[PDB]
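Notes for the one structure printed next.
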Amino acid sequence: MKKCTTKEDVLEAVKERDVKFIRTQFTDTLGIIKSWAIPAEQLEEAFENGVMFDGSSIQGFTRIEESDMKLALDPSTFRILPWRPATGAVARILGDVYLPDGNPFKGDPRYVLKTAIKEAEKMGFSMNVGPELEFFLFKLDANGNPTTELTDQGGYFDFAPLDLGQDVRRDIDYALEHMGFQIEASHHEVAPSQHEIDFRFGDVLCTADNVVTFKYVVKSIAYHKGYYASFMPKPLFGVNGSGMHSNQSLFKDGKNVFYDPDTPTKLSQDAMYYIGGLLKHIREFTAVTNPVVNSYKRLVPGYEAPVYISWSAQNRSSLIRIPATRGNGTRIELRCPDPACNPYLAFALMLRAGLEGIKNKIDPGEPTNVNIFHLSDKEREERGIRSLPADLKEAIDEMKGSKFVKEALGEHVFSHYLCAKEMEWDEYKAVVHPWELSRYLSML
Amino acid sequence: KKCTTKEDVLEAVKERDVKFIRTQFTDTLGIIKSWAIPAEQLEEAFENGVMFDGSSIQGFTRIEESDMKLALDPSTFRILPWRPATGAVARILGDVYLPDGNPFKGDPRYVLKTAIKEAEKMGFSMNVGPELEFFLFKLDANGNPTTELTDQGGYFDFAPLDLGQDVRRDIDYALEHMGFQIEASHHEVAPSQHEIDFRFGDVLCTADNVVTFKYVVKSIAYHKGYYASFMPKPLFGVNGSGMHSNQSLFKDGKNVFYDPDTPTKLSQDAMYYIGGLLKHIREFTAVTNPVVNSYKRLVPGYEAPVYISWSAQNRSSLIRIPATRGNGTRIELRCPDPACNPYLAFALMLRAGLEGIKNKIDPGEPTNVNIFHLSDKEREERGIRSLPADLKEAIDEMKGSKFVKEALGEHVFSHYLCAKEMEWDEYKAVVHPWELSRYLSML
Amino acid sequence: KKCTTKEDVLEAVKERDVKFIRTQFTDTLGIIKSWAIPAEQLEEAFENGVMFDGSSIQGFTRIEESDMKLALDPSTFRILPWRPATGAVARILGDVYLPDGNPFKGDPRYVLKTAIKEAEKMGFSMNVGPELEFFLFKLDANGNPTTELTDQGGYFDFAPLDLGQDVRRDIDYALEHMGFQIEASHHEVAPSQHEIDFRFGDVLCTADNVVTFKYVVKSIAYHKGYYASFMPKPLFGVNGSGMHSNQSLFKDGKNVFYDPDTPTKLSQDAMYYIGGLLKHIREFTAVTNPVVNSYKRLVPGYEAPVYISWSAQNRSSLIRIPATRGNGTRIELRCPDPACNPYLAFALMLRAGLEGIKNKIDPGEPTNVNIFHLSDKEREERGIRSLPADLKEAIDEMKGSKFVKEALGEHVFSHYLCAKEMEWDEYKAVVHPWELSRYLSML
Amino acid sequence: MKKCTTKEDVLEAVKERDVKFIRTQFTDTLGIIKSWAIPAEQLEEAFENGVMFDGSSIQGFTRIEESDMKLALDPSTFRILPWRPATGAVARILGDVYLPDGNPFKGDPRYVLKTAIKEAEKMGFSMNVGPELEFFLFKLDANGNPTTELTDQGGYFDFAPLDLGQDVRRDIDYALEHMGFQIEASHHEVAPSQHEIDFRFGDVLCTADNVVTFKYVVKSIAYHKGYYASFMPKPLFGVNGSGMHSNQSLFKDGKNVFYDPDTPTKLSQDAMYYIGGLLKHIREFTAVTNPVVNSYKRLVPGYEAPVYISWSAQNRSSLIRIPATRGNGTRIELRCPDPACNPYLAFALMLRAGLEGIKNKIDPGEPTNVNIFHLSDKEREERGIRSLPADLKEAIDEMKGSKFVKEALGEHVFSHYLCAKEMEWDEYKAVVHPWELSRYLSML
Ligand SMILES: [Mg+2]
Ligand SMILES: [Mg+2]
Ligand SMILES: [Mg+2]
Ligand SMILES: [Mg+2]
Ligand SMILES: [Mg+2]
Ligand SMILES: [Mg+2]
Ligand SMILES: [Mg+2]
Ligand SMILES: [Mg+2]
């Protein structure tokens, strides 16, 4: 590995490491990973004048017309991919999207996260994020297509699988380390064939880039060993779903502003306000953290995924959890998102909501130290404990009337995101599922 | 002939060689319930009633038993339209009584009777002619139901013309054997979809016939190798099956919906009846459209009503006024599907219209445009609301409805809602193959 | 077996034990439509008419209902040629009326009646004998239609001689048993192809029989394990199926087309009648050849005509004069296929021929040369035009035709064109396997 | 039909109805239905001298040696079977088993019920019984063997099935009525393809004979229409099991001794004592009412089968239930037995236990009007609510040390029953089931 800073740094590394193709990396509004290939010979001119490309690719499947846009490559994002083709090495690079008139394109989710970072800098804060990505490892069918066929029957923290799946699982870990991911931990998860990789706790912009890189790197490596890596929230009924727990904290003057040695919980007042802002707005952008119809098959009671809006320091099954670590490691964990979400939009909205809590001094209320799943509607109503949206349609409706989400995302991203999700829901709600035939065909 | 007394039924049992009597009733959710009585016990049954487990009326939300007595109604005795090897079979209905002697208020038939009583207090009787649409599918190798088609015909097509032509004819002839007096039978819009229109008659008699219709058609089709489906929407991309409910009020021989002196020839009370129906239809859509599959039919683009409006010209309105006037003046509510309990559905329709007449509920200007063609902005300008989009929303609308609670009684109200909530919670957690097709390769 | 009054029908229903009556009508596109009436309700139907959804006539382009009334014509009563165990079945036709009492102008049968009415203004009555060609195919294991051959015979061959010999005989017997008075039946050119020639009768009665013929032959074949197909061109490389229409005009009981002293013994009005047919045929080919598959039959090299011409010698001309003279003098239009709506096709043929007599339209000199053997420039000099080469071209020629719009009425005209356009817009986007076989490896 | 009283009655009916073969009917110790065929020509000599047969057939599968025994035919039990072979009519007949020395064989379960009836007559009581027999209707495989393939998917009191299964279901009802069973009701039961037939409330000895006749008549008729009738307690997991609810009451001087118009529940003191005796001894003979290993897959919480020892008048889910009917129809319903039990032994022990309650004035305690399934072990322990045996081994152990069951059954039946059930359990407990492979093969 190495750290590149100038374009001259990257151009040198291309020659000495025989990099033949550079892959751009970005995401559309919905989080789908987008890319195109540039020959390494073209790279020097790309750094000088940028690269024209069809920016309607960022709109998602709701793109109406073409839109010429410029990608200004960022040399510090240049990273060599962990596979070695016989032809030559391959690397990825990120960048900033500009309109023909020279202004940055506000529709790029990466730009949205960057303006959220700028709002934090105005109040003197920088945000660090450590995500915990759960995924499934399935077998491919005889034609190479993904299935939900299990690769092991192990459980939480099991040393599984121990067949050829042990090697692909180890190959995934090795390649992430080969790219400088600095993985914290990787283990088996609760559901069969389910796995977790814990990212290094680091800067939000760099971490968000790594989440996108993580997805296609794991998928490509699993693919080449005969397996499929799934980031579906809930691919299998009756077992755990896959979430993306998002640990986060704010820093100012190189000090963790969530830690206070004097207070009882050893948490500062800013952390309380940050939690309050998260609890105040979480319903309005659940459609961003849980973006697909399948997301709400995971957001059901009984499988470790939080469906009630609360915070606590003791039990994990709360929406917001405080890990025991204090001092510089003080953080709060938001446990609702799933790996289908766009990391740029999800991290940006978490930051904006938390910052909104700090600037308006939003009290988070008492923590709920009991397991809310053991309570009645009356007991929940007595304590005023609200639910997350029960399906994508409800989350869409809560996001449609949120002035907060519109300001944080911008009009272009806001309408394009909602329009795409509405078409997704309208298509889903009309489908006659086999479950309905099994229950009703004989009966009616 | 017509049966009126227990002596009429008993001699008909001797004369037609009836060996088995099947009782007929429904639970809260509309599932048809029955048990078999040997014909020789029929005399004792008329004299003392029949003890049975009334917990069968609860539906699948039953936990404890409850001894109940069925008092047979001799006028409901009817011989079933199939002739077994040894003796004919007949069905009979009755009134369910608690051991203390009071009528059981949880019986859906009793619920319709109280609604009839409410209309009688006002001097009205309700006539109902329902239009029942069903699908005719073939059976698989093991005799199990499928959704595999029997024809590719369309609206009013003379189809099927293969062996399916015979089973369709057999169904029509069986209903006529029972004295149904069908008005029409024809092919519907979707492939393998058929419709049978009932005679316009008294609501209590009609509701009894809808229940009888369902298992009679299913049994006749089964014994010919076919399956009759009353699912609201068994197939994607084609029409669903509804149960349009033409209804009318009569004040001792006169149709109160007719008025020769108004321009539309509809009376004021017909306008109020529509107003009450429109005011409350959201509150009991869970009764007219009771299963999860019901709301795959209530989607835009298939002539099933989605928006709440009335008209005399556009058919795709929630409430349609047919052209016929005079004695045949009626209004047609087009949202219900054949999965609904006809006793509860007709009772709530009657109460809502009666409430409109009592409270002079203006129905507003008719929507003479296709609301489907309009945009969401115009709908708000015209104040056009929608029917519930799924069973959960319909459950929530009914949950806080004083009108529905009073009309059904608190027994049926809670039992019906509890069953539907359990049904929804099971459905909502299922991971469907559609999700795998869309997201397994994408995420 | 001649029915004239409603009392004639009612007595025959009672004597022959008819239990179901089937109405018979067609929609705008020629699909046969029907609904069933129990015979007990037949007497009320004769007195008051039968209310039904008139949008069924509109085709598949319907969105809104329209309540209409069918006034039954007792002279069209006819018992169907199959005998259910329950009882006999009969068909009946009638006229469609709006609720206001006016005849519905959108019924194709009404469109034919107006052409008959305009012909009577000049003292003309039209007789037609249609020659209907169809295919007899096998059913697959599931009873679905296929194009599997039932014989390999040719023109006028005594084939098939296996069990297919019995179904062909059963078809002929069923038609004779129903009073059709078939003239001849024989094997057609293509394998498994068959032709049945109708008696020369009045246009209205003949048109009703063409509709009845189609579902009778269909049902009889189905119940023997075979499929009767009326597709124009179900099989590439062999003859298509046409519906040749021999027609003649009568005035004062004598044949208008016959003239004993003329060289060809053809009258001046016969020449004018052909001229009107030739002048307008391009404008309503979309009616005589209504489906996309119709123009796979209208390709050069087979019996189907693709060039607008007439002759008394060549077969392959669009219009041919049979050698028969006197009372049997007739002209034969050979372009239609059995998919056409007979009411609309016969009406437009009559109107076009009538416009020829009204306007003294000269038909030109006959083309006695096989036009297929000619170059494009040869036909250019002789003014020989061709039929539209696909459905879209036929639609465009009909779209801008004052003659067709007036003869059908603005409602039938609009609805027919809108449905056919939707048809073509679906077909034009399909990627066919032939394209895959030709271009996948090449490009 | 007709009622036969003398041997001359039966012999006449044989000639006029062309009965060609007579089938004896009895049961072994475990309830398996036993029979052998007698030609009708032999019948007259059979009434005169009896029929020698191998009485070790009554011992069950624990028969060690042969034992010559005599069957004295009972003419009043002669009944013509409801099928009509082309060869000739067929009838069944019961009788009494005698040893070569002329004494009745005490090992016949029918004798055991008869001595229980004699104990009731000593105290002036006669017992009436109405059983409710649940059974399943399954499809046969391609070779004609029983399966658990469903014939319908209907539920409680559904009008199902409506295909050819509607005819076999109706054929079963018709044939029972053709034999003079006088069926009270027949309906669909809770589980798919499950059905119930309610017997006429009548004399215990006659009713017990009918239960045995019912089983092979239903099975034979279902068999000849292509179906299988199953009396397994729990053939399918996750749905209801099949029970044999046993309604009963005592009569003296033609009056129902369970009815008292003066008491609050309108139940006499004898009924209270009768319930007390049943509750006192039910554990000791659960092995008789629930005799097979499969019986205790039904005796699990949650599927209408009672697992706790209690009585009540309101909720059915009690072990003993009082129906609402009073006066001459006053009865108590015992809901634990399943149709696998021997009716002679089960009815005899219920009678003996109830009579023991009356003679010792055993108070039944307060009724438990709450659903016991909603209670903790502590709440159940506080009210002293005991459980039924949890498996056949536990029931065997409770029966092995019961002086009451030994006296009521006799030594021969007692040891032979227990020895057979112990061998049944020893064979079962050693089997390695597929469930164990599914759970442990991958894990260990
Ligand atoms: Mg985890
Ligand atoms: Mg965590
Ligand atoms: Mg309809
Ligand atoms: Mg209608
Ligand atoms: Mg020909
Ligand atoms: Mg010809
Ligand atoms: Mg039961
Ligand atoms: Mg019971």
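Ordering of the structure tokens sets the chain letters (A, B, ...); residue numbers start at 1 within each chain; ligands are numbered from 1 in the order shown.
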Practice prompt. Please identify the residues whose atoms come within 9 Å of ligand 8, using only C-alpha atoms and all ligand atoms, and report them as a ChimeraX atom specification.
Written response: /B:53,65 /D:131-132,244-247,316,321,323,333-335
Worksheet item: Residues at most 7 Å from ligand 4, using only C-alpha atoms and all ligand atoms? Could they come as a PyMOL selection string?
Response: chain B and resi 131+244+334
Save the residues we just selected, C-alpha atoms, as a PDB file, in the first residue's frame?
ATOM      1  CA  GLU B 131     -73.241 -10.064  -9.029  1.00  0.00           C
ATOM      2  CA  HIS B 244     -71.287  -5.809  -6.974  1.00  0.00           C
ATOM      3  CA  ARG B 334     -68.912  -2.105  -6.587  1.00  0.00           C
TER       4      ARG B 334
END
Discussion item. Distance limit 8 Å, atoms considered: only C-alpha atoms. Which chain C residues sit that close to chain B? Return them as a PyMOL selection string.
Written reply: chain C and resi 31-38+41+56+63-67+86+99+215+218-219+222-223
Worksheet item: DSSP on the backbone: what in segment 4-252 of chain C comes out helix (DSSP H, G or I), as a PyMOL selection string?
Response: chain C and resi 6-15+39-48+54-56+108-121+164-177+203-222
Discussion item. Give me the residues near segment 428-433 of chain B as a PyMOL selection string, where near means some atom within 7 Å (using only C-alpha atoms) and where sequence neighbours in that chain fewer than 5 positions away do not count.
Written reply: chain A and resi 236-237+297+300+433
Worksheet entry | Contact set, chain A to chain B: 6 Å, only C-alpha atoms, as a PyMOL selection string | chain A and resi 231-232+237+297+430+432+444
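Remark: for ligand 7, the closest of the candidate residues D:39, D:50, D:241, D:434 is D:241 (distances computed over only C-alpha atoms and all ligand atoms).
Every residue having at least one atom no farther than 10 Å from ligand 1 is included below, with only C-alpha atoms and all ligand atoms taken into account: residues 132, 133, 134, 156, 157, 187, 188, 189, 190, 194, 195, 196, 197, 198, 240, 241, 242, 243, 244, 245, 304, 305 and 335 of chain A.
In this structure, atom CA of residue 340 of chain A sits 20.4 Å away from atom CA of residue 149 of chain A.
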Worksheet item: Any idea which chain D residues end up within 8 Å of chain A if we count only C-alpha atoms, as a ChimeraX atom specification please?
Response: /D:153-154,442-443
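For the pair atom CA of residue 15 of chain B and atom CA of residue 212 of chain B, the interatomic distance is 22.9 Å.
Nearest residue to residue 220 of chain B among B:243, B:361, B:80, B:321 is B:80, counting only C-alpha atoms.
Between atom CA of residue 210 of chain B and atom CA of residue 40 of chain C the separation is 21.1 Å.
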Worksheet item: Which residues come within 12 Å of residue 86 of chain A, counting only C-alpha atoms, excluding same-chain residues fewer than 3 positions away, as a PyMOL selection string?
Response: chain A and resi 18-20+83+89-90
Item to complete: Just the residues within 9 Å of segment 212-227 of chain A, please, counting only C-alpha atoms, with nothing from its chain fewer than 4 positions along; format it as a PyMOL selection string.
Response: (chain A and resi 25-27+31-33+81-83+92+137-140+144+146+151+164-165+167-169+171-173+175-176+181+207-208+231+339+342-343) or (chain B and resi 443)
Residues from the last selection, N, CA and C atoms, saved as a tab-separated table (two decimals), in the first residue's frame:
chain	number	residue	atom	x	y	z
A	25	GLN	N	-15.43	5.51	-9.38
A	25	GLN	CA	-16.38	4.96	-8.42
A	25	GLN	C	-17.29	6.06	-7.90
A	26	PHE	N	-18.59	5.84	-8.02
A	26	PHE	CA	-19.59	6.73	-7.45
A	26	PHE	C	-20.87	5.93	-7.26
A	27	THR	N	-21.91	6.59	-6.77
A	27	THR	CA	-23.19	5.96	-6.51
A	27	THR	C	-24.31	6.80	-7.11
A	31	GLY	N	-28.09	4.46	-4.08
A	31	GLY	CA	-26.99	3.71	-3.50
A	31	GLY	C	-26.38	2.65	-4.40
A	32	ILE	N	-26.91	2.45	-5.61
A	32	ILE	CA	-26.33	1.49	-6.53
A	32	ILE	C	-24.95	1.98	-6.95
A	33	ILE	N	-23.97	1.08	-6.91
A	33	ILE	CA	-22.58	1.43	-7.18
A	33	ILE	C	-22.38	1.59	-8.68
A	81	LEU	N	-7.09	-2.31	-6.68
A	81	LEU	CA	-8.03	-3.37	-6.32
A	81	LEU	C	-7.28	-4.65	-5.96
A	82	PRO	N	-7.86	-5.49	-5.10
A	82	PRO	CA	-7.11	-6.63	-4.55
A	82	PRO	C	-7.09	-7.88	-5.43
A	83	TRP	N	-7.47	-7.80	-6.70
A	83	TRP	CA	-7.25	-8.90	-7.62
A	83	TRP	C	-6.19	-8.51	-8.65
A	92	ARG	N	-9.13	1.74	-8.48
A	92	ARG	CA	-10.30	2.60	-8.47
A	92	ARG	C	-9.90	4.02	-8.07
A	137	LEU	N	-23.57	-15.34	2.84
A	137	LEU	CA	-22.72	-16.04	1.89
A	137	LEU	C	-23.50	-17.24	1.38
A	138	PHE	N	-23.96	-17.17	0.14
A	138	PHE	CA	-24.80	-18.20	-0.45
A	138	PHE	C	-24.07	-18.92	-1.57
A	139	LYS	N	-24.60	-20.09	-1.92
A	139	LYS	CA	-24.10	-20.84	-3.07
A	139	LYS	C	-24.72	-20.31	-4.36
A	140	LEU	N	-23.98	-20.46	-5.45
A	140	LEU	CA	-24.51	-20.19	-6.77
A	140	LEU	C	-25.14	-21.47	-7.32
A	144	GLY	N	-24.47	-20.33	-12.32
A	144	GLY	CA	-23.76	-19.21	-11.77
A	144	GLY	C	-24.62	-18.10	-11.21
A	146	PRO	N	-27.11	-16.19	-8.38
A	146	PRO	CA	-27.29	-16.20	-6.92
A	146	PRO	C	-28.50	-17.02	-6.50
A	151	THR	N	-24.47	-21.95	2.98
A	151	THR	CA	-23.10	-22.45	2.94
A	151	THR	C	-22.65	-23.04	4.26
A	164	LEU	N	-14.61	-25.59	1.94
A	164	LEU	CA	-14.09	-24.59	1.02
A	164	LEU	C	-14.62	-23.18	1.29
A	165	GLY	N	-15.78	-23.06	1.95
A	165	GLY	CA	-16.25	-21.75	2.37
A	165	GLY	C	-15.35	-21.08	3.40
A	167	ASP	N	-12.24	-20.91	3.06
A	167	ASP	CA	-11.22	-20.24	2.28
A	167	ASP	C	-11.73	-18.95	1.65
A	168	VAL	N	-12.95	-18.96	1.09
A	168	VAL	CA	-13.50	-17.74	0.52
A	168	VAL	C	-13.72	-16.70	1.61
A	169	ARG	N	-14.17	-17.14	2.79
A	169	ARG	CA	-14.33	-16.23	3.92
A	169	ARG	C	-13.00	-15.60	4.32
A	171	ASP	N	-10.41	-15.37	2.22
A	171	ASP	CA	-9.99	-14.56	1.08
A	171	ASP	C	-10.60	-13.17	1.14
A	172	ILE	N	-11.84	-13.07	1.59
A	172	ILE	CA	-12.49	-11.77	1.72
A	172	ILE	C	-11.75	-10.90	2.73
A	173	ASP	N	-11.43	-11.46	3.89
A	173	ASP	CA	-10.71	-10.71	4.92
A	173	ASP	C	-9.34	-10.27	4.43
A	175	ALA	N	-8.26	-9.70	1.35
A	175	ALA	CA	-8.29	-8.67	0.32
A	175	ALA	C	-8.66	-7.30	0.88
A	176	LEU	N	-9.54	-7.26	1.88
A	176	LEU	CA	-9.84	-5.98	2.53
A	176	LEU	C	-8.60	-5.43	3.22
A	181	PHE	N	-7.93	-1.53	4.50
A	181	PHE	CA	-9.19	-1.28	5.20
A	181	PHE	C	-9.00	-1.24	6.71
A	207	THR	N	-14.79	6.69	5.36
A	207	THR	CA	-15.51	5.47	5.70
A	207	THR	C	-16.64	5.20	4.71
A	208	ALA	N	-17.39	6.24	4.33
A	208	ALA	CA	-18.48	6.06	3.38
A	208	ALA	C	-17.96	5.56	2.04
A	231	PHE	N	-26.22	-8.62	0.34
A	231	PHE	CA	-26.46	-7.53	1.28
A	231	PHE	C	-27.94	-7.21	1.40
A	339	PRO	N	-27.56	-2.80	5.12
A	339	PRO	CA	-26.53	-2.53	4.11
A	339	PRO	C	-27.07	-2.18	2.73
A	342	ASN	N	-27.85	3.91	1.02
A	342	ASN	CA	-26.74	4.70	0.49
A	342	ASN	C	-25.95	5.25	1.66
A	343	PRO	N	-24.67	4.88	1.82
A	343	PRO	CA	-23.92	5.39	2.98
A	343	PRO	C	-23.76	6.89	2.99
B	443	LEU	N	-28.46	-6.16	-4.49
B	443	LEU	CA	-27.84	-5.69	-3.25
B	443	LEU	C	-26.57	-6.47	-2.91
Discussion item. Residues within 7 Å of residue 384 of chain C, please, as number ranges by chain. Count only C-alpha atoms; anything in the same chain fewer than 3 positions from it doesn't count.
Written reply: C: 307-309, 379-380
I need the chosen residues saved as a PDB file, in the first residue's frame, with N, CA, C and O atoms.
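Output file result-v5.pdb is given in full below:
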ATOM      1  N   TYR C 307     -54.125  -8.164 -55.648  1.00  0.00           N
ATOM      2  CA  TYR C 307     -54.218  -7.119 -56.658  1.00  0.00           C
ATOM      3  C   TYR C 307     -55.683  -6.812 -56.926  1.00  0.00           C
ATOM      4  O   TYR C 307     -56.493  -7.729 -57.087  1.00  0.00           O
ATOM      5  N   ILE C 308     -56.014  -5.524 -56.978  1.00  0.00           N
ATOM      6  CA  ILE C 308     -57.395  -5.085 -57.152  1.00  0.00           C
ATOM      7  C   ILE C 308     -57.754  -5.209 -58.628  1.00  0.00           C
ATOM      8  O   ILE C 308     -57.315  -4.404 -59.452  1.00  0.00           O
ATOM      9  N   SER C 309     -58.561  -6.212 -58.961  1.00  0.00           N
ATOM     10  CA  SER C 309     -58.952  -6.452 -60.342  1.00  0.00           C
ATOM     11  C   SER C 309     -60.167  -7.367 -60.355  1.00  0.00           C
ATOM     12  O   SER C 309     -60.534  -7.966 -59.340  1.00  0.00           O
ATOM     13  N   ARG C 379     -48.055  -3.622 -64.402  1.00  0.00           N
ATOM     14  CA  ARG C 379     -49.254  -3.298 -63.637  1.00  0.00           C
ATOM     15  C   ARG C 379     -49.457  -1.794 -63.519  1.00  0.00           C
ATOM     16  O   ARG C 379     -50.597  -1.329 -63.412  1.00  0.00           O
ATOM     17  N   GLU C 380     -48.367  -1.021 -63.521  1.00  0.00           N
ATOM     18  CA  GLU C 380     -48.487   0.429 -63.411  1.00  0.00           C
ATOM     19  C   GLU C 380     -49.242   1.012 -64.599  1.00  0.00           C
ATOM     20  O   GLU C 380     -50.108   1.879 -64.428  1.00  0.00           O
TER      21      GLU C 380
END
